[PDB]
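Here you get one chain, nothing else, as structure tokens; it is the form deposited in one PDB entry.
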């Protein structure tokens, strides 16, 4: 990930005018949409949190959790930390904190990253009936300058375009700073 850290603008877009900041959300959403498509209920939820973080939840099958034979760590960690849209590893690299929650095969798995560094191995923390993947990220204020807060209408505009393109995927957008919400479903 150091190539990303070295030149984040080259991977995510402009880090001073809000372009890169919002693209961070869009990269995660792309992956959530892929996940949602391959599931039954096909809903994603994008939440803008009061502390200037964003979460994206899908109801898909959960991304794989088993050990990657070559890399020797969970497949989820390979996704989050190996360079492959630019990939969610870029998002993780430029997040001062990132929380991953995977619900799969009857189990909840959790893992925390800081600046793309895992704080511990992906771990089973409980049991569950549901499936899905949730990422919540705090963009690094060392990288993102000037425009450091998420603009609702920028997210809403893109999510609307996406709903037409991904028919039958339900997209919910929630702003916890002011109660604003939307529901895009074509």
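Positions refer to the first chain, counted from 1. For the two forms, the rigid core is made up of the largest set of C-alpha atoms that agree within 1.5 Å on superposition.
Form deposited in another entry: not shown, discussed below.
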#### Entry: Out of 37, 154, 123, 117, the residue that alone shifts its CA by 2 Å or more between this form and the one not shown when the rigid core is the reference
37
### Query
Between residue 39 and residue 123, do the C-alpha atoms lie closer or farther in that other deposited form than in the shown form, with a difference of 3 angstroms or more?
farther
## Note on the structure
Against the displayed form, residue 41 vs residue 30 by Cα, in that other deposited form, with 3 angstroms or more change: pair is closer
